Each structure stands twice: as structure tokens, then as C-alpha cells.
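Chain by chain, the residues:
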Amino acid sequence: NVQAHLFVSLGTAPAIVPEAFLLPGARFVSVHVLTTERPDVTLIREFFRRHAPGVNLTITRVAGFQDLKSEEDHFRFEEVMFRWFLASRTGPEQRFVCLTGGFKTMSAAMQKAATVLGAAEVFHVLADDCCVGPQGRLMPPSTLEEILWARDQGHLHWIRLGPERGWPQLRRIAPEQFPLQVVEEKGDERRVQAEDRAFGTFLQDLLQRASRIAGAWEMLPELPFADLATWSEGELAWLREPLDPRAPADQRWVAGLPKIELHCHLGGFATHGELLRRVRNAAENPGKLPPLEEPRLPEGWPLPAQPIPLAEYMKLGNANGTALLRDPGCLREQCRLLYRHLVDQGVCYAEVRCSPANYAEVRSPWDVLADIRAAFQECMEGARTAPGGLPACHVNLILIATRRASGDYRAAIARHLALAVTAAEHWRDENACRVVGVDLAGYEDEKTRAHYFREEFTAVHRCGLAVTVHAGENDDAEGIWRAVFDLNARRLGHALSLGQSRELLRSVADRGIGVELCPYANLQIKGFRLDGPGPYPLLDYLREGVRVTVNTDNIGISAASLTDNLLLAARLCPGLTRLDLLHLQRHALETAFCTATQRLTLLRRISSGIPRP
Amino acid sequence: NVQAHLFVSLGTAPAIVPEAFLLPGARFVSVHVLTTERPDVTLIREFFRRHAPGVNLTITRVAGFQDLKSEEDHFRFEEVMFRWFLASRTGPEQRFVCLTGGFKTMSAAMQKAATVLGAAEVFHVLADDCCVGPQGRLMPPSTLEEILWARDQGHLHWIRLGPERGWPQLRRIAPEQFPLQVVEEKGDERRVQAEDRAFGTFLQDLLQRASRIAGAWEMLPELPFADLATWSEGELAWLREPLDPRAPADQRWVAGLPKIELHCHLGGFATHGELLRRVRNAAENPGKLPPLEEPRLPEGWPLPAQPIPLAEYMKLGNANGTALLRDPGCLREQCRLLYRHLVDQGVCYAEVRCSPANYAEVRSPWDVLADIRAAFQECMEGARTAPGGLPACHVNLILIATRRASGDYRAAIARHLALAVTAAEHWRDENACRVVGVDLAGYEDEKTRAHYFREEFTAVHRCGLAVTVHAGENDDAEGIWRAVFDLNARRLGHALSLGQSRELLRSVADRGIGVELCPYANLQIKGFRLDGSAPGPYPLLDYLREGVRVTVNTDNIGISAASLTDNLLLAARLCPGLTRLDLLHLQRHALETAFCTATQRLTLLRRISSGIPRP
RNA sequence: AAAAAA
Ligand SMILES: Nc1ncnc2c1ncn2[C@@H]1O[C@H](COP(=O)(O)OP(=O)(O)OP(=O)(O)O)[C@@H](O)[C@H]1O
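Residues numbered from 1 in each chain as written, not as in the entry; some residues may be left out. Chains lettered and ligands numbered in written order. Part of a larger assembly, values for the part shown. Heavy atoms only, no water. Residues with missing side-chain atoms left out of burial classes, pairs and counts.

Determination of this PDB entry was carried out by cryo-EM to a resolution of 3.19 Å, according to the record.

In the nomenclature of the PDB entry, chain B is known as Adenosine deaminase domain-containing protein of Limisphaera ngatamarikiensis. As recorded in the PDB, the entry bears the title "The structure of type III CRISPR-associated deaminase in complex 2cA6-2ATP". Here chain B is described in UniProt, under the heading Cofactor (unreviewed entry), as follows: "Zn(2+)". (UniProt positions renumbered as here; feature names shortened; annotations may be inferred.)

Under the annotation held in the PDB entry, chain A carries the name Adenosine deaminase domain-containing protein and is attributed to Limisphaera ngatamarikiensis. Taken directly from UniProt, the Cofactor (unreviewed entry) text for chain A runs: "Zn(2+)". Quoted verbatim from the Sequence similarities (unreviewed entry) field of UniProt, the annotation for chain A is "Belongs to the metallo-dependent hydrolases superfamily. Adenosine and AMP deaminases family."

Right, here's the structure in full:
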């Protein structure tokens, strides 16, 4: 609109600037001149002194650019040129960039700047030979007397290349982001200088990410996250090859992924090693802790030769069962230790399962739950990091029915649900460690306890809590079927035997009900064909559309972290692409019991968290 | 190991090319000089004849452009240059451009070409003033010794600006796609001219789209469809300001959206006007159809002054339905007319609700449904243009289960639910119309709420089928809770009494049950106030803010006398502040709650994303 | 029309 500015760069031909100034339809108000620390400017100053009263010249000079010996001379020019544009607070509709003067690279740089910063008009001034001069037919060099005579004689030509819109986040920036080091500036004649070439790096990053996103924009629906669209073709191709857990490069990459944990038990964290001693070393009543009875693991335990029944499986964690956690001091220590382990693993969101009733001899179950929530809430507050001041790992609680088989069962589940329902109401802050769901494994499978569970669990749905059902031993399709439809569960633990029931598998995928697989737990309790009991159903379920996640289950009892869980899934199912591991994380995100606002934050937190190769 | 081609532009001062060819550390082949109907090339040809046996020189002359006079002169050169780049094969790893020579615009265009097209090296040749002549200390302009002396003495510089990435879709394109028309040619040198400005607009299209997609990226998730993020800043700004139903510009826009219909009844539709007459002219037993008696619609039926109740609304339009659609010709014509209506309305996916067992004297309900399915399937085969050679509109079927007041209606429910199980499993062709769900419609009452048919619906869940329900049509939130948790419903119909119970509203949003609303019918039954002028406020805008997956459907088109576009337009008029962005959320919500395979859901996602029209 | 607008 108003206040059209002019950006021109000249070499040793001073007449360029006055020629470009009187571009037909100019109405200029401030001409800016870019020089090279050689040519005289007394003519441009003279021209704009006699018949250009207010034009507000700025003659930038680019210190230390006398000649063009090497490209380092040119690179110093590009950084100065870009910062020179921003030093004048001018919009795209005000720049009338002219590319005429200086070396060809100097002029070509002016073209690039206008395209990637926006310019209302980019033109180039010509002058046919009409000044007679000493030798015949010289273009007009002779001050104002001939330049004015050139305009009215129909000599100067203005080839205009039209406007340039420029990139949406380049056409304002701010001059203070990339300041100019003024050195030795006289009246309206400044020798600018740049301390670093940050803008050149900043601009290059933006063009290449814009190129990558455009080159891979055809298939965003398949890409689990948006940030993967900013990857090179090679990296994207590398992402679709089968995972190689043997390769150290793959192992490092998986360890760096932001992960989501959904099936982790608080009572099976530190059952061996130094961690068990750490819990015992922090006890309020050291006289009452049972003697060290660390169990003996099966030969080659992390990858056992033969599967073991669940009876011997749970017995591997007696050293850290209810015996050690009845003391309130040990309970806080383990929660801190488990939280620290999760952050080291890189988990951005976890749902630690727990059963406060088991750890309640003198204190009430509510005291156990209050201590558990306080222990996690303290850690989340203390481990304050990440953008926006959000906790490094957000931990929610899911309550499990007591593993104890003695005592009345109807009341035991009644206490379980009643504790959870009031727990959800007691702690209601969204960003705090909040109880989000219940587990209903062990309440059924007792003289056809489906009917009792189908009516004594309606309170959970009425109060708004979530329900996850951990399918037990020899999970039949009917047992899963009632878990999906009779009691409205939203996640099914394990449930390996689901491919047999094709119709149920269609129903699970269609309703988007999550499935919580855990490799080492499954391998160490049921046995599966490792490398080259049927095949592990992880790959098959994912192709169908089942919301499948990879979790840890017990950590200490399995002696394997979540990072190891993802690696083993490749060994259990040869064929997992590195893209698939990212799908599992998104499936965990979209089936977690967090809220919509928290889900969006995790999605973008995970999106810009994936380590590039 | 690369072949290392060279690209260079020539002005009136030749011998640039030998200098460019003498770039240290590269054995170039197939030099590709540019000239413009003027500069001499004898010196360049001689140099390669005598000092470069087989480096395969080529020269092009760029059309009838000989003196820079207007922008059309430059624009002609630019597109000739770009095609000349493509005509030369091979990609970035081979290119060695040299922006030296020619006009300033020619040099500037050369660098831009390498930037947006890929180049292994961009350099510029500077010749020192180390030769003599009429002036003295002059350039090495001519001769063979001077250039060779320039190299051997070493007073040449070759400032190198480093390689460029180049946009991957612009690294090869295809020379055949953008041919460079060739005019009179001798050996080596030739003259070419571009017929149209095809490449310039193509490249401008990519960069313009890349700019918009880059800026509107940090907030992409707020966009329902990814393809939306290629619009101007104003267009995005215009898309967020509230919809104006009265504005003709918006009315034409909404009529252009690709819609998805989830809640539409075959029993219904044409009940007045020419549409009903058309059906009865296709009957194959004209003597059996009942006489012409179309029930009298109340005053201003599209926007009635008073809310009629549910019992009356069902009997509005009895001239079409159980009585009329008994002739097999009438049933086929109903399906044909609805499909044409849907395609004209722009719907890309519909789920027509029907009750085939309502139509049986000699034709069994299976026969009637087979005819309905065949009637739609042949229509989909007919109007099979679409994008990608698909059906124009994909129509699926949901069998209704009515429960009126009395009689042996539960046997009809038992028959519909059993029929759906057999039918859905029988027609497994993914690309063809097939029964995908059941329904629970009719008279909603506390006596027959949602859960008195839980024993009846067990078979449907076992076989695997979607289940909808009309919970909340006129009952409280408790009816909705029964439908969600005792029937395991996947889509609630007309769930208006849902905002009262906060836990249910959160539970529905968290699980993802789609709430099927319909503006005209809800205005014509519960009498919601219009234009923000007592049933209460309409919850459409409330549901979207809370995150409940909601969609705007049509119910009976003829009985409500309003199409899908009318329903969408009325929603903004009936819920003030409804942004045009929210209309796209409804389509996204409808897509993610529709009963269809994942493969089809992906296909619709791309089709709807590209179908959204700019203002 | 390469070290400085044709
Ligand atoms: N908007 C609506 N809300 C609730 N129930 C509806 C609505 N529209 C139709 N119904 C009921 O759903 C079923 C739809 O029947 P359909 O349209 O296939 O045939 P019909 O000949 O019109 O039926 P009928 O005379 O029994 O209502 C019937 O039970 C109808 O009462």
C-alpha cells in the first residue's frame, strides 16, 4: 500500500540506485542500498540530496568484503544480506527488491532473499547505451544530468519479475533475533557485520524440513505421528525394515524412544539384586523385615528353556511381595525407585497397577493408597522438567483385586471396587496422580462367577471409572467374550488366544479395545517359538487392527525392562518393522485411560521425541 | 564414479565454458551450454574440438529471445531453462551448474533452478585481469592459449557455493511430461522453445502449497483432515469464523462438502410432492397400492411453530412405507430415487436403515432384503465414476427393530436381529453393499427402555455386528446408560438427554460412541428454540466442545422435508457460533464412527480430505 | 551478457 521501500545492491556502477529509484509508479519513501566496501557512494548521496529531499538512505557496507577471492567472501555476504532485510521493519507488501549491481552471485543472492522472505515486486533495471562518453555508446554514468536525461528519453528499462509471497514464518521474524554488528558507521553510511551465520543455518533447516514434509505428505494417514513426516527418504525407508535386536544401533534407538507403559505391577519391581537391598535399607521397622530369602531363578531365567506354570512364577517374587511392603517406609522407597526406573527407561506415561489391600495389616487400605499416591505425586513434583513444566513421567493408578485366595470373595472384590470408586472422587485434579481404572482378574472364574461380576460391577460404570480385564490362564474365547461384552472392559491383559475366534477378533478391533501383551512374561509363563504353543500373536493382531501394546508386566520377576520388551517382540515375531514399534506406542496412547487434553499433550510430546538414526 | 555433467549459461562474452569445464577435481562430460539467439559459439566448439575430444558438447538457443526487453523475455527463458534441465537426464548427484555468464536475471534464474531442482555443485567462475589487449590487464576473452594460460598460471578462482538438496518430487519429474519443443537444429547447437508455461505453474504450485503447509503445521492436529492444511492464512481464518446459514456463499459451500450420512431411514423418504408420485408410477401391481392420501403436514412443516410428539411424527407420511412399499417395483424405485438424491447431495457414504420384514405376503423378508441390497448394488455399479473408479456413493444397510406399544412385536424384533446375523455374514464382499449393523428404534419408553432386549441381542454380539439405538429420543439419561452398557451400543441415536448426567457424557466421549443427531427432526419433535431466541439449548455445540463424537444426519428425508445440506445449514442457525471448522469435525466424527472396514475408512479419509472446496 | 545494468 503506502510507504514502498527499495532494496538495491550495487557494485562499481553508482548510477544503478538512481535508475531503480525512479521506477514508474514508484512513490518510494526510503531507499536502502547494499554495498561491498569498495565503490564510491558520493553520487548516490548527491542524487538523493538535490532532487530527493526525504528518501532516508541507508548504505550498508558489509565490512571485509573488498573482493570475491573465495566463497567465504560470498557466505559472509548472504548472512549480512538477510539480516539487512530484517533490520528494516518492512512487510512483504513494502519491499521492492532490485537485483542489479555487484557480482552475479551477489545479484543472485538478492533473488533468493526475496523469494524466501517475500517482496511486493522484484525487478531489474537496464540502460541502453546512450551517453556518448569518451568511447562511443556508454550507458549513463554521469551523475544526475544524464540519468534524468535517460528517463525522459525512453532509455531506462525496468524488467519486473512480479511479486513474491515468501514463506509464512520468514516475512516478519525480528531484527533482534539476528542483530547486525554495526562497526564504524558515519552519517547514513553503516558498515554492518555478522558475528555468526545462524540465519543461513536457520533458513536451510526450514527449507529442508519443508521439502521433506512435502515429499512425504502423501501418506500421513499411515504415519503414526506427524513428526515422522519431517524425515529423509532414507530414514523413512530405514524405518520400514525389520528390526534387528542384535544390532547395537537398533538397541540404542529403541532405548531412546518415548514409551507408554500400561501393564506394570507395583509389587514385582525389585525382587532381586541391589534394588532389593535398597528397599530393605529404607525401612521404618528394620526389626520386623523378614530375613533375606532371595529366590533362585530358573537356569537361563530371562529366556528359559522351558515355560514354568504361574504358581512357580509368582513365587519368584516372594522377597518383595507383601512381606517387605507392609512397612510404610519400604512402600515409599519402592515407589521412588520404580518412578526413577521409569524415567530412565524414557516412559512418558505409565499406569502402575497396585493392590493396597495386600499391604494392609495394621494400617487401613486407604492409608496404603494414600501413601502410594503421595509417593508418586511427590516424585512427579520433584522430577520437574520437560517443556511446559510437566512431569517427566505421568503415573496413574489402576487397582487390582487381591491375589489372596483365602477369605470371602464377594466382599474382597466389593472392597476393591468401593475403594476405587471413592478414590476416583477423592483425587480429581487432572494433572495429578489420579486413579483411572480397575482390574477385574480373579473375581470371575469361581463357580461361574460371571453373573455375580456382571451385576456387582455396575457401580464402576456408574461412577465413570475404566475397566481392564486380565485374562487368566488358558484364556478361552468365551472368557474373553464376556470380558468384552458382559462387563464392559476397555483393555484386555494378555489374551494371546484371540486369533482362534475370528468373529471376536473382528469385534475387538472394530470397538477399538486395547490388548496388553508383554513378551518376557508370556515367554516365561507360556513358552513361544523364539526366533525361527503357536506363534506369538503380536504381528498377526497388529495387521488385523487390534489395539495392541507391549508392556512389562512384572519387572523384577521377569528381570526385563520395557526397552527389552520391545526388542524381544522382534525375536518372538520375525517381521516387525521399526515403524511397527511406533504403532504400538500410538496404540498404547489411544487406549490409555488419560483424558483428551492429556492425550493430545502426550501425542505431541512423543511426536517430537523419536530419536532419528 | 559419477558422470559429472556440467550446466552453464553463455552471454555475449564466450570462453566462460572452457573456464567452467576447467573446474579442478572433476572430469566433466556432456557440457550443456545455454545461449540466447546471439552469442557466438565458434570459440567454445573449437576448444572442445582441440582440448576435450569427446566431452559431448550440446548447445541450446532459447526460442526467439535475443535482447532483454520485457518480463516476457525473461519468463520465456526461465521455462526453457527448466525443461532443458529435465531434458538432460540424471539427478542431483550429476549436475554441476555454473551461474556465470548471461544477464543478471539469467544468472539469478540459474541459481534458483539448482535450488528447487537439485544440484551436486553450484559455482561461479572469476577470471583475473591477467591478460592484455587494447586496454591492458584485461580478461582472457578469446583464444585457446589465454584460457589455458589462465589455468596453468592459476589466476582463476571458481568460488563454490556447495551442493543443494532439491525437492524430492522435483529431482526427476519426467522429460516426457514437459517436452521441450525443438526448432531448426544442426549438430551440437540447436534452438528450442517452450509451447506453454506448464512447468512454471507446476513449480509455483508446489512452493505455494509447501509454504502454506509449513506455516499451518504446529497446529495440524486441530485440523480434522490433513489435506485441509494447504489453505491460505485468510482461508484458514475464514474457516474459523462462525457459519452464516443466510449467506448464499456459505450455502453453496456446504452443498459442496463431501458428506457422510449415518442415520437415514428407507422407511420414510418421499411422502409428498412429485417424489411420491414417481414411486407409484413404477409399481408392477398398480391395482394393489392404496389410494392417494398424503397426511397434512402442520403449518410451515420444515420449521413448525409447535413441536409435535413422537407418535404423530411416525404417522406423518403414511402414504409411503409399510402400505406403499409392498410392490417389488415400488421397493426398487424407492432405493433408486434415494441413491440419486444422495449422490446429488454429495454424500460419499451412507448407511440406509430399513425394516425388510415389514414387507411380506409371499416375498419372504430375506427376499425383500436381497432385493434392497441388489437395488443399491446395481446403482453403485452404475454411478461408478467417483475418484479412482469407485462407486460415487457407497451405501450400507442397517436393519431396524421396531417396538411400538403392543402386539407380537418382539417376534418381529427376533426376526430382524436373526435376519441381520445371517445377511451380514452372507455378503462379505467388502466393496459391495452389505448389512453392517442393527438398530433399536420406534417408541422409546420407560416400559421398554434399552435393556429388556439384552437377552435378545446376545446372538448379534456373538456373531459380530454393530449395534445402534434410539436412546434419548424422548427418555432421560438413564435410557442412554442402559443402551451403552447393557446393549454395548456403538452409536446412540438422538442422544439429547445426555448433558444432564456428566459421568455418562464423559463415558460416551471416552469410549467413543457416536451420537447421531438430526437438527430438523429434533426441532420438529422437541421444538428447540431457533436463532438463540421450553426444551432447552441444543447440545450439538456442547458435545463438540466436550469431545463427544457427534454427527448431523437426516432421519426421514421426506417426512422432515429437509436434506442433509439443509440439516447442516440449520445446525449453525439453530446453534449460534457453530464454526465452519466444526462442520468438518462432524464429517470426521462420522467417518470414525461409521460401520465400515479399516481399509474403506482410509479410502474415505483421502476422498473427503481432497473433496473439501476452497471459498 | 566473469571482477560489479545490454
Ligand atoms: N425419527 C425417528 N425416531 C424414532 N423412531 C423412528 C423415527 N423414524 C422412524 N422411526 C421408527 O423406526 C422404524 C422405521 O420404519 P420404516 O421407515 O422402515 O418404515 P415405515 O413403514 O415408515 O414404518 P412404521 O409405519 O412402522 O413406523 C419404525 O418403527 C418407525 O416408527
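Still to come is the rest of the account.
Caption draft 1: How the structure looks around the site of the ligand. All names here are of chain B. Inspection of the region around the ligand gives 19 residues, with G267, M314, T322, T402 and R404 positioned closest. Measuring from an oxygen atom of the ligand, one finds a backbone N or O atom of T322 at 2.7 Å. One of the side-chain nitrogen or oxygen atoms of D555 is found 3.1 Å away from a nitrogen atom of the ligand. Starting from 590 Å² of accessible surface for the ligand in isolation, the protein chains cover 92%. The residue inventory of the shell around the ligand, partitioned by class, reads four nonpolar, 12 polar and three charged. (Near = heavy atom within 4 Å. Polar contact = N/O pair within 3.5 Å; in protein donor to acceptor, adjacent residues only side chain to side chain. Areas by Shrake-Rupley, 256 points an atom, 1.4 Å probe, with all protein chains shown as cover. Nonpolar A, V, L, I, M, F, W, Y, C, P; charged D, E, K, R; others polar.)

Caption draft 2: Representation of the protein's contact with RNA strand C in the model. In the vicinity of RNA strand C there are 41 residues, among which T12, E19 and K104 of chain A together with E19 and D128 of chain B approach most closely. Backbone atoms, meaning sugar and phosphate, make up 49% of the atoms of RNA strand C lying within 4 Å of the protein. Within the contact set of RNA strand C, a base nitrogen lies 3.0 Å away from a backbone nitrogen or oxygen of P140 of chain A. Contact between RNA strand C and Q66 of chain B: a base nitrogen at 3.4 Å from a main-chain N or O atom of the residue.

Caption draft 3: A look at the interface of chain B and chain A. Opposite the 60 residues of chain B that make contact, chain A presents 60 residues. Contact between chain B and chain A buries roughly 5500 Å² in total, counting both sides, with carbon and sulfur atoms accounting for 60%. Applying the counting rule to chain B against chain A returns four salt bridges. Of the charged contacts in the structure, one is a salt bridge between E222 of chain A and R606 of chain B, with a shortest N-O distance of 2.9 Å. In terms of residue count, the dominant contributor to the side of chain B that touches chain A is helix α6 (residues 198-215) of chain B (eight residues). Along the lines of polarity and charge, the residues of the side of chain B that touches chain A split into 24 nonpolar, 19 polar and 17 charged. (Contact = heavy atoms within 4.5 Å. Buried area = accessible area lost by both parts, 1.4 Å probe. Salt bridge = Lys/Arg side-chain N within 4 Å of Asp/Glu carboxyl O. Helix = DSSP H or I, 4+ residues; strand = E, 2+ residues; numbered from the N terminus.)

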